[PDB]
Amino acid sequence: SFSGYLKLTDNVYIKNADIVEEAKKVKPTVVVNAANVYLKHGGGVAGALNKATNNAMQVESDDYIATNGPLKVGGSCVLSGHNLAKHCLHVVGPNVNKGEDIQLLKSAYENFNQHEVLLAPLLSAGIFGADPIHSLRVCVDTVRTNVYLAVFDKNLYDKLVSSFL
Ligand SMILES: COc1cccc([C@@H]2CCOC[C@@H]2N)c1
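For the sequence shown, the entry's author numbering assigns the number 5 to the initial residue and increments by one for each residue that follows.
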């Protein structure tokens with residue numbers, strides 16, 4: 005069902021795409037959100053996914069946090085995918101702009117292994133401040149399930165592909 009992806013490894017695929025547009029097109033079983041521990045989807049990928057759900061993701065997330073408390077950095081929760089996917093896997097990668105330990109990025113990607121196929125952004129990339137080349141490396145060395153990565157920025161997508169070892 006996923007189209008136009010470049011195959012990086014046996015299980016990792018990448019495309020220059022807006023993950024919101026990609027999710028609406030594919031309606032995957034799982035779309036990954038670049039979440040924070042409070043599930044406050046203000047900006048970056050989370051703000052864009054939440055805005056596509058007309059804020060239903062945020063309303064659901066606030067109820068989740070009221071019941072369960074915050075997630076751990078490196079952790080995740082499965083919530084509804086709303087109009088984007090069957091489910092949304094909210095994964096918290098470390099935020100370098102909050103001084104969080106980059107070593108938690110591998111733990112964050114391990115959450116992907118609980119799902120056979122996922123549409124995902126690069127964890128801790130963008131406003132999370134980590135090097136996206138490093139995020140892609142950790143992704144291919146950690147995720148064993150089938151991951152379709154959507155990279156919004158064309159220039160970053162080209163840099164990721166051209167530098168992939
Ligand atoms: C909003 O998206 C939804 C909602 C319900 C089911 C699905 C599945 C997921 C697997 O692929 C087939 C269907 N598109 C997606």
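Ideal placement from N, C-alpha and C gives every residue a C-beta, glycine not left out.
- Item | Proximity winner among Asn99, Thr13, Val151, relative to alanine 124 (alpha-carbon distances) | Within the sequence shown, the letter at position 120 stands for residue 124. The option with the nearest alpha carbon to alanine 124 is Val151.
- Assigned secondary structure, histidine 94 (DSSP; H/G/I helix, E/B strand, else coil): Against the sequence shown, residue 94 aligns to sequence position 90. Strand, per DSSP.
- Message: DSSP three-state label for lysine 28, please.
- Response: As a first step, residue 28 must be located in the sequence shown, where it is residue number 24. It is helical.
- Decide if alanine 129 is buried, meaning its Cβ has at least 16 other Cβ atoms within 10 Å, or exposed. Within the sequence shown, the letter at position 125 stands for residue 129. By the neighbour-count rule (16 or more Cβ atoms within 10 Å), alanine 129 is buried.
- Message: ligand 1 and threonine 149: does any heavy atom of the ligand fall closer than 6 Å to the residue's C-beta?
- Response: Numbered from 1 along the sequence shown, position 145 holds the residue referred to as residue 149. It does not: the Cβ of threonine 149 is nowhere closer than 6 Å to a heavy atom of ligand 1.
- Task: Output the distance between the C-alpha atoms of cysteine 81 and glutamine 118, rounded to the nearest integer angstrom.
- Result: On the sequence shown, position 77 is the one that residue 81 refers to. On the sequence shown, position 114 is the one that residue 118 refers to. Each residue's alpha carbon lies about 11 Å from the other.
- Could you give the residue range of the alpha helix (DSSP H) that holds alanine 112? Along the sequence shown, read from residue 1 onward, the residue named residue 112 stands at position 108. It spans 108-114 - the alpha helix (DSSP H) in which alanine 112 sits, taken as one unbroken run.
- Euclidean distance between Cα positions of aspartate 14 and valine 147: As a first step, residue 14 is located in the sequence shown; it is residue number 10 there, counting from the start. As a first step, residue 147 is located in the sequence shown; it is residue number 143 there, counting from the start. Here the C-alpha atom of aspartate 14 lies approximately 11 Å from the C-alpha atom of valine 147.
- Message: Just to confirm before moving on: does the CB-CB distance between residue 197 and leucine 75 stay below 7 Å?
- Response: Absent from the model: residue 197. The displayed extent of the chain is 5 to 169, so no value can be given.
- Task: Note the first and the last residue of the continuous beta strand (DSSP E) segment covering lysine 102.
- Result: For the purposes of this step, residue 102 is identified with residue 98 of the sequence shown, where counting begins at 1. No beta strand (DSSP E) holds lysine 102; DSSP gives it neither H nor E.
- Close beta carbons around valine 142, own chain, < 7 Å, minus the five adjacent residues each side: What you label residue 142 is simply residue 138 of the sequence shown in a count that begins at 1. Around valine 142: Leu109, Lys110, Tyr113.
- Query: Quick one: is the Cβ of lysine 29 within less than 6 Å of any heavy atom of ligand 1?
  - Reply: As a working mapping, residue 29 is identified with position 25 in the sequence shown. No, the Cβ of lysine 29 stays beyond 6 Å of every heavy atom of ligand 1.
- Query: Among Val34, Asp66, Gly73, which has the Cα closest to the Cα of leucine 93?
  - Reply: As a working mapping, residue 93 is identified with position 89 in the sequence shown. Closest option to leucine 93, Cα to Cα, is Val34.
- Inter-residue Cα distance where the pair is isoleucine 23 and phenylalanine 168: On the sequence shown, residue 23 is found 19 positions in, with the first residue counted as 1. On the sequence shown, residue 168 is found 164 positions in, with the first residue counted as 1. Between the alpha carbons of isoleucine 23 and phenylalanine 168 lies a distance of about 21 Å.
- Query: When DSSP labels each residue in this structure, what does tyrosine 68 get in the three-state scheme?
  - Reply: For the purposes of this step, residue 68 is taken as residue 64 along the sequence shown, with counting starting at 1. Correct three-state label for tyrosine 68: helix.
- Task: Could you pull out every residue in the same chain whose Cβ sits closer than 7 Å to the Cβ of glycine 47, ignoring the five residues on either side in sequence?
- Result: Taking the first residue of the sequence shown as 1, we reach residue 47 at position 43. Same-chain partners within the cutoff: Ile131.
- Message: According to DSSP, simplified to helix, strand and coil, what is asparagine 40?
- Response: The sequence position of residue 40 within the sequence shown is 36, counting from 1. In the three-state scheme derived from DSSP, where H, G and I count as helix and E and B as strand, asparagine 40 is classed as coil.
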